[PDB]
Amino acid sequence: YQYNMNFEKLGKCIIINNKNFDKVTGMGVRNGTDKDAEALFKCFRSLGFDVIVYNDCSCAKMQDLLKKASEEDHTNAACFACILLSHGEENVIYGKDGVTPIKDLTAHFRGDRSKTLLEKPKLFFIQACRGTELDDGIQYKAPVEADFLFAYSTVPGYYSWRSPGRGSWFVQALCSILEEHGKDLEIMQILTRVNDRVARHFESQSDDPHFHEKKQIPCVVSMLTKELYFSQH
């Protein structure tokens, strides 16, 4: 029932921290982002990952560094994890350069192209907008697509929220829960709890009242075939 975690290392954790964009993209500085990158790096380090933090990557950078990571040897790793922090739009995250489809980023790790992650969980946490809707609230051959989990900060077609001073809500919530339960809850329990937190704990504060008092719900997509605990535990 659980993924085998009995490996030399837990695995690699790549963090892409995109804060600054070319003006031509029309995207703004994402203040709050450096906090998220730090809290995430500290958190994933605690879990046991080898965390690497990249900053302000172009789209060609983002493709290449991810392609290479899938071309490494993960034979002694229990899993792999990638965290993206950027602007986005449906199906697509921004580099500083422009826009690239998420599917192209993650496909490098399909079973048929990163054979050493075959049968192991490959996790992606994505803090990015996914279009422009606002939520108002209300009062054994293995499938090559097997074993991914994508934890998006928000549901398709919606914006995602970031506090310049405190961090994105998704990330704040995630870290918070991972700190108290990283080592003792199953991954879905963790993310369910992160769902509850982003939903219960945050509400937009804004001058423009079009953007005022909005809510958010994250969106977890699981192709996993087993339960995942981070502690051999």
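One rule holds for the numbers: they count along the sequence shown, beginning at 1.
Checked against the record, the higher mean CA B factor of 41 to 49 and 202 to 210 lies with 202 to 210. The question of which stretch, 52 to 60 or 23 to 31, has the higher mean Cα B factor is settled in favour of 23 to 31.
Ranking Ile83, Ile138, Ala151, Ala146 by Cα temperature factor from the entry places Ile138 first.
For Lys122, the recorded CA temperature factor ranks within the lowest third of the chain's modelled residues. Residue-level temperature factors show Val92 in the middle third of its chain, judged at the C-alpha atom. Among the modelled residues of its chain, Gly98 has a C-alpha B-factor that falls in the highest third according to the deposited record. Compared with the other modelled residues of the chain, the Cα B-factor recorded for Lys12 ranks in the lowest third.
Placement of the Cα temperature factor of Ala107 within the chain: middle third of the modelled residues, per the deposited record.
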